[PDB]
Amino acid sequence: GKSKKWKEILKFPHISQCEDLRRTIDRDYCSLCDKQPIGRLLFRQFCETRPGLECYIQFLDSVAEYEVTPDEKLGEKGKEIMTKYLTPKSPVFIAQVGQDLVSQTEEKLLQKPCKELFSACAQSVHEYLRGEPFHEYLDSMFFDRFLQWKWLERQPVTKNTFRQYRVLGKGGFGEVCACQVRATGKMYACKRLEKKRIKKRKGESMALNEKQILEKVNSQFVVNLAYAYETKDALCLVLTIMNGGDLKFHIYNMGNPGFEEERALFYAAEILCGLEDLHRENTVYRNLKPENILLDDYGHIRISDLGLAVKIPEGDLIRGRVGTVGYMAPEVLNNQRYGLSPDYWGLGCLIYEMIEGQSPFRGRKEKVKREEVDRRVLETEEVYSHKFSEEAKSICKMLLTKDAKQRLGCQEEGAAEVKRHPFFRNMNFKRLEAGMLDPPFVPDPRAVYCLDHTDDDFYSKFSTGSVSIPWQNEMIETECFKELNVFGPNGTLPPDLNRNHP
């Protein structure tokens, strides 16, 4: 499904083109060998050539598997690792684990096996690879190949890069097309913004804020930005495509008015992770409502409309009285200063509404003016039913606490205080973040879930081009990496990596 000359569009440059890169990129280990998905793969490929480092990569792989193993099938697994990488004469015996380290873990095996038994060991591993092996890789042909991939990443993105298909979505100050990259065939959703209405609205700032926040965050539960290009009378965002309808549709149109508690638990957990990934950047969402929680092809969720989000300066507060009637926290209605707390109020509204099939302050079959809806948020105490377990009631009224200081999650602990709540007592967040828990509803793929110069400066800061992490993932998903990342026969330098003949 790619272009037919895509092997020439993504053709590697000659290594000689990458001297300007090599000179400026920071040689940070956690970036070049872990965060950057293609840098990670290339560094692991480096360790596979040397017999001495091969055993270290395989040990970390086994630990990654151990953090998600079920509790009952856990110690079983712990012994297998103990008797493979850390025995006296093991075939893959790793040395930088001091005899003291192994003795503390082999005795830790006897007690209640923990999911982070090997956390101590794993850090000693990275410590070793951070130094000696990493500096080898920096002077190895694989880093030269990594530099190539960067060169491609930075190539300019235009209208020709993409391929407009259809209007799959609409509304706001623009549309939502379903665009595709001609080169790799990966599908996206383009948030085309009109280039004139932004000028009259003088909202250039919020347009750049949304793009900056999307670029910064890279969560599994929030829509990711991969490209930001300007075009002829439009500035575009290329976001994660979501072909599974919104959560509002599945509460009322599909299924009974509402879900079972176990089904609402799954969505609430994923949404709580999305909010956590945003709060790490002291960024508040302020727009939690069912029609903004979207579902993908597999049954997982992502938060969608960040147009009302802002990045709070650490230690300071904000004042905006924005949002949607019925989903505004009381401190927002009162036009007070707040932090991240509105998002936890919003979470409570979603958990309540998924279980009870209606808003906690508005009856699904009740006609009330907006003023009375607000007063209920500030005064009245919501009521529950037999649909809620004791744990379900608890967390709801805790997240729906009027006083934003006693509200669950609005403390110094953060999202951790919510994951601890007995309502998630049966939720293994560690396996959820790894995508090992089966979503409860799998959408069918055939379904249909229905002129100045002061601006020239603003334009340049916006159209920054491709985003590093999402771009590299695309190259891996589309198998363009597996196909182009070819070297020489019998461990020899390819033509594009030897400097003796350009």
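In this text, rigid core is short for the largest set of C-alphas that superpose within 1.5 Å between two forms. For every residue, the number given is its place in the sequence shown, counted from 1.
- Larger average C-alpha displacement in 7 other deposited structures of this protein, relative to the shown form after a rigid core fit, is seen for 92-100 when comparing 92-100 with 213-221.
- Of 347-355 and 253-261, the stretch whose C-alpha atoms sit farther from the shown form in 7 other deposited structures of this protein, after fitting on the rigid core, is 253-261.
- According to the PDB record, 85-93 carries the higher mean C-alpha B-factor of the two stretches 380-388 and 85-93.
- Averaged over CA atoms, B-factors in the entry run higher in 99-107 than in the other of 371-379 and 99-107.
- By the numbers in the PDB entry, the CA B factor is greatest at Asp71 among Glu281, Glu417, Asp71, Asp403.
- The PDB entry assigns its highest CA temperature factor, among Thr231, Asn287, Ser140, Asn253, to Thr231.
- Compared with the other modelled residues of the chain, the Cα B-factor recorded for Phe441 ranks in the lowest third.
- Annotation for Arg263: C-alpha temperature factor in the lowest third relative to the rest of the modelled chain, per the entry.
- In the PDB entry, a CA B factor belonging to the middle third of its chain's modelled residues is recorded for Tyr338.
- Per the PDB record, residue ranking by Cα B-factor puts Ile241 in the middle third of the chain.
- Remark: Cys480 belongs to the lowest third of its chain, ranked by C-alpha B-factor as recorded.
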